[PDB]
Amino acid sequence: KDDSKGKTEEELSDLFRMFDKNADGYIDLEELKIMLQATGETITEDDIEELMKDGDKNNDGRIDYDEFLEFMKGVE
Ligand SMILES: [Ca+2]
Ligand SMILES: [Ca+2]
C-alpha cells in the first residue's frame, strides 16, 4: 500500500475532530489555516480567507459537524 486513497463522507467526520487545533467541538478560520499545513498547499490569507467563507454552511465564524460535511464536499 502507498496511496490507494479511500476516504468517503464517513471518513470526514473523524477529519473534523482530528483537525480541531483548538479542540472545542468546532473550528475557526484560525485553526482551519493549520489544517491545510497538515496537507501542504502553501498559500496566504488570500486563499484560506475564502476557503472558510464558502466552507461555512451559514457563515457564523466557526465550522461544526454540519458546515464541515459540506466544507470537504467542495474542498479537495
Ligand atoms: Ca476550534
Ligand atoms: Ca457556522
# chains A, B, ... in the order shown; residues from 1 in each chain; ligands from 1
>>> residues_around(residues="range 25-32 of chain A", least_positions_apart="3", cutoff="9 Å", atoms="only C-alpha atoms", output="MDAnalysis selection string")
chainID A and resid 16:17 19:22 35:36 48:49 51:53 61:65
>>> select_by_dssp(residues="chain A", states="strand (DSSP E or B)", output="list in words")
residues 27, 28, 62 and 63 of chain A
>>> write_last_selection(atoms="N, CA, C and O atoms", output="compact mmCIF listing (two decimals), in the first residue's frame")
# COMPACT_ATOMS: atom_id res chain seq x y z
N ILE A 27 -14.47 24.62 14.88
CA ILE A 27 -13.19 25.22 14.41
C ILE A 27 -13.40 26.65 13.95
O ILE A 27 -14.52 27.10 13.77
N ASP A 28 -12.34 27.37 13.75
CA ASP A 28 -12.46 28.78 13.28
C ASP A 28 -11.40 29.07 12.22
O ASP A 28 -10.37 28.42 12.17
N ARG A 62 -17.38 29.84 12.80
CA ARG A 62 -16.75 28.51 13.06
C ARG A 62 -17.44 27.42 12.24
O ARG A 62 -18.55 27.58 11.78
N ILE A 63 -16.78 26.31 12.06
CA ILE A 63 -17.39 25.20 11.28
C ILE A 63 -17.68 24.00 12.19
O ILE A 63 -16.80 23.49 12.85
>>> closest_residue(among="A:43, A:75, A:18, A:23", to="ligand 1", atoms="only C-alpha atoms and all ligand atoms")
A:23
>>> residues_around(residues="residue 73 in chain A", least_positions_apart="4", cutoff="12 Å", atoms="only C-alpha atoms", output="list in words")
residues 7, 8, 9, 10, 12, 13, 54, 55, 56, 57, 66, 67, 68 and 69 of chain A
>>> write_last_selection(atoms="N, CA and C atoms", output="PDB file, in the first residue's frame")
ATOM      1  N   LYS A   7     -11.249   7.707   0.989  1.00  0.00           N
ATOM      2  CA  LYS A   7     -11.929   8.494   2.057  1.00  0.00           C
ATOM      3  C   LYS A   7     -13.317   8.935   1.585  1.00  0.00           C
ATOM      4  N   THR A   8     -14.350   8.447   2.217  1.00  0.00           N
ATOM      5  CA  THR A   8     -15.729   8.836   1.805  1.00  0.00           C
ATOM      6  C   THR A   8     -16.311   9.848   2.795  1.00  0.00           C
ATOM      7  N   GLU A   9     -17.560  10.192   2.640  1.00  0.00           N
ATOM      8  CA  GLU A   9     -18.185  11.172   3.575  1.00  0.00           C
ATOM      9  C   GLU A   9     -18.145  10.634   5.008  1.00  0.00           C
ATOM     10  N   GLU A  10     -17.889   9.364   5.168  1.00  0.00           N
ATOM     11  CA  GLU A  10     -17.835   8.782   6.540  1.00  0.00           C
ATOM     12  C   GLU A  10     -16.474   9.066   7.181  1.00  0.00           C
ATOM     13  N   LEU A  12     -14.827  11.649   6.767  1.00  0.00           N
ATOM     14  CA  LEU A  12     -14.726  13.118   7.007  1.00  0.00           C
ATOM     15  C   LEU A  12     -15.047  13.435   8.469  1.00  0.00           C
ATOM     16  N   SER A  13     -16.081  12.843   8.998  1.00  0.00           N
ATOM     17  CA  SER A  13     -16.447  13.109  10.418  1.00  0.00           C
ATOM     18  C   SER A  13     -15.196  13.089  11.301  1.00  0.00           C
ATOM     19  N   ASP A  54     -16.982  30.094   1.826  1.00  0.00           N
ATOM     20  CA  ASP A  54     -17.927  29.098   1.241  1.00  0.00           C
ATOM     21  C   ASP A  54     -17.898  27.800   2.055  1.00  0.00           C
ATOM     22  N   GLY A  55     -16.953  27.666   2.945  1.00  0.00           N
ATOM     23  CA  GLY A  55     -16.874  26.425   3.767  1.00  0.00           C
ATOM     24  C   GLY A  55     -17.929  26.475   4.875  1.00  0.00           C
ATOM     25  N   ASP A  56     -18.327  27.652   5.275  1.00  0.00           N
ATOM     26  CA  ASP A  56     -19.352  27.766   6.352  1.00  0.00           C
ATOM     27  C   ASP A  56     -20.758  27.653   5.756  1.00  0.00           C
ATOM     28  N   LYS A  57     -21.504  26.661   6.156  1.00  0.00           N
ATOM     29  CA  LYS A  57     -22.880  26.499   5.616  1.00  0.00           C
ATOM     30  C   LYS A  57     -23.728  27.726   5.954  1.00  0.00           C
ATOM     31  N   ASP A  66     -21.902  19.814  10.751  1.00  0.00           N
ATOM     32  CA  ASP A  66     -22.686  20.083   9.510  1.00  0.00           C
ATOM     33  C   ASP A  66     -21.867  20.937   8.536  1.00  0.00           C
ATOM     34  N   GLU A  67     -21.614  22.172   8.880  1.00  0.00           N
ATOM     35  CA  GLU A  67     -20.824  23.053   7.970  1.00  0.00           C
ATOM     36  C   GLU A  67     -19.549  22.338   7.513  1.00  0.00           C
ATOM     37  N   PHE A  68     -19.048  21.432   8.305  1.00  0.00           N
ATOM     38  CA  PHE A  68     -17.807  20.702   7.914  1.00  0.00           C
ATOM     39  C   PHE A  68     -18.123  19.667   6.833  1.00  0.00           C
ATOM     40  N   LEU A  69     -19.228  18.983   6.956  1.00  0.00           N
ATOM     41  CA  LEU A  69     -19.589  17.964   5.930  1.00  0.00           C
ATOM     42  C   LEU A  69     -19.600  18.603   4.540  1.00  0.00           C
TER      43      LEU A  69
END
>>> select_by_dssp(residues="chain A", states="alpha helix (DSSP H)", output="MDAnalysis selection string")
chainID A and resid 9:19 29:37 45:55 65:73
>>> closest_residue(among="A:76, A:2, A:11, A:24", to="ligand 1", atoms="only C-alpha atoms and all ligand atoms")
A:24
>>> atom_distance(atom1="CA of residue 33 in chain A", atom2="CA of residue 1 in chain A")
29.2 Å
>>> decode(residues="range 57-72 of chain A", atoms="N, CA, C and O atoms", output="PDB file, in the first residue's frame")
ATOM      1  N   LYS A  57     -21.504  26.661   6.156  1.00  0.00           N
ATOM      2  CA  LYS A  57     -22.880  26.499   5.616  1.00  0.00           C
ATOM      3  C   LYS A  57     -23.728  27.726   5.954  1.00  0.00           C
ATOM      4  O   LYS A  57     -24.682  28.042   5.271  1.00  0.00           O
ATOM      5  N   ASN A  58     -23.387  28.422   7.003  1.00  0.00           N
ATOM      6  CA  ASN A  58     -24.173  29.631   7.383  1.00  0.00           C
ATOM      7  C   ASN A  58     -23.232  30.788   7.730  1.00  0.00           C
ATOM      8  O   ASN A  58     -23.646  31.799   8.262  1.00  0.00           O
ATOM      9  N   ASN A  59     -21.970  30.648   7.431  1.00  0.00           N
ATOM     10  CA  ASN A  59     -21.003  31.741   7.740  1.00  0.00           C
ATOM     11  C   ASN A  59     -21.276  32.311   9.135  1.00  0.00           C
ATOM     12  O   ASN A  59     -21.864  33.364   9.281  1.00  0.00           O
ATOM     13  N   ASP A  60     -20.854  31.625  10.162  1.00  0.00           N
ATOM     14  CA  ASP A  60     -21.091  32.133  11.544  1.00  0.00           C
ATOM     15  C   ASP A  60     -19.758  32.444  12.229  1.00  0.00           C
ATOM     16  O   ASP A  60     -19.709  33.125  13.233  1.00  0.00           O
ATOM     17  N   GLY A  61     -18.677  31.949  11.692  1.00  0.00           N
ATOM     18  CA  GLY A  61     -17.348  32.213  12.312  1.00  0.00           C
ATOM     19  C   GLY A  61     -16.638  30.886  12.576  1.00  0.00           C
ATOM     20  O   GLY A  61     -15.424  30.810  12.580  1.00  0.00           O
ATOM     21  N   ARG A  62     -17.382  29.838  12.797  1.00  0.00           N
ATOM     22  CA  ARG A  62     -16.747  28.513  13.060  1.00  0.00           C
ATOM     23  C   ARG A  62     -17.436  27.420  12.242  1.00  0.00           C
ATOM     24  O   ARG A  62     -18.548  27.582  11.779  1.00  0.00           O
ATOM     25  N   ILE A  63     -16.782  26.307  12.061  1.00  0.00           N
ATOM     26  CA  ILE A  63     -17.395  25.199  11.276  1.00  0.00           C
ATOM     27  C   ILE A  63     -17.680  24.004  12.192  1.00  0.00           C
ATOM     28  O   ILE A  63     -16.799  23.488  12.849  1.00  0.00           O
ATOM     29  N   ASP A  64     -18.906  23.562  12.235  1.00  0.00           N
ATOM     30  CA  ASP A  64     -19.251  22.400  13.104  1.00  0.00           C
ATOM     31  C   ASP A  64     -19.345  21.125  12.261  1.00  0.00           C
ATOM     32  O   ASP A  64     -18.865  21.073  11.148  1.00  0.00           O
ATOM     33  N   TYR A  65     -19.954  20.097  12.783  1.00  0.00           N
ATOM     34  CA  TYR A  65     -20.072  18.829  12.006  1.00  0.00           C
ATOM     35  C   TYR A  65     -20.831  19.073  10.698  1.00  0.00           C
ATOM     36  O   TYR A  65     -20.450  18.590   9.650  1.00  0.00           O
ATOM     37  N   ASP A  66     -21.902  19.814  10.751  1.00  0.00           N
ATOM     38  CA  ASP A  66     -22.686  20.083   9.510  1.00  0.00           C
ATOM     39  C   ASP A  66     -21.867  20.937   8.536  1.00  0.00           C
ATOM     40  O   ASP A  66     -21.470  20.483   7.483  1.00  0.00           O
ATOM     41  N   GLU A  67     -21.614  22.172   8.880  1.00  0.00           N
ATOM     42  CA  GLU A  67     -20.824  23.053   7.970  1.00  0.00           C
ATOM     43  C   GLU A  67     -19.549  22.338   7.513  1.00  0.00           C
ATOM     44  O   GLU A  67     -19.023  22.607   6.451  1.00  0.00           O
ATOM     45  N   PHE A  68     -19.048  21.432   8.305  1.00  0.00           N
ATOM     46  CA  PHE A  68     -17.807  20.702   7.914  1.00  0.00           C
ATOM     47  C   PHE A  68     -18.123  19.667   6.833  1.00  0.00           C
ATOM     48  O   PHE A  68     -17.375  19.490   5.892  1.00  0.00           O
ATOM     49  N   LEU A  69     -19.228  18.983   6.956  1.00  0.00           N
ATOM     50  CA  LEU A  69     -19.589  17.964   5.930  1.00  0.00           C
ATOM     51  C   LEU A  69     -19.600  18.603   4.540  1.00  0.00           C
ATOM     52  O   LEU A  69     -19.160  18.015   3.571  1.00  0.00           O
ATOM     53  N   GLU A  70     -20.094  19.806   4.434  1.00  0.00           N
ATOM     54  CA  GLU A  70     -20.127  20.485   3.106  1.00  0.00           C
ATOM     55  C   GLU A  70     -18.755  21.089   2.795  1.00  0.00           C
ATOM     56  O   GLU A  70     -18.364  21.212   1.651  1.00  0.00           O
ATOM     57  N   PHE A  71     -18.021  21.462   3.808  1.00  0.00           N
ATOM     58  CA  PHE A  71     -16.673  22.055   3.576  1.00  0.00           C
ATOM     59  C   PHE A  71     -15.841  21.132   2.682  1.00  0.00           C
ATOM     60  O   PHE A  71     -15.396  21.516   1.619  1.00  0.00           O
ATOM     61  N   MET A  72     -15.630  19.917   3.106  1.00  0.00           N
ATOM     62  CA  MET A  72     -14.829  18.968   2.283  1.00  0.00           C
ATOM     63  C   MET A  72     -15.593  18.597   1.007  1.00  0.00           C
ATOM     64  O   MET A  72     -15.009  18.218   0.011  1.00  0.00           O
TER      65      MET A  72
END
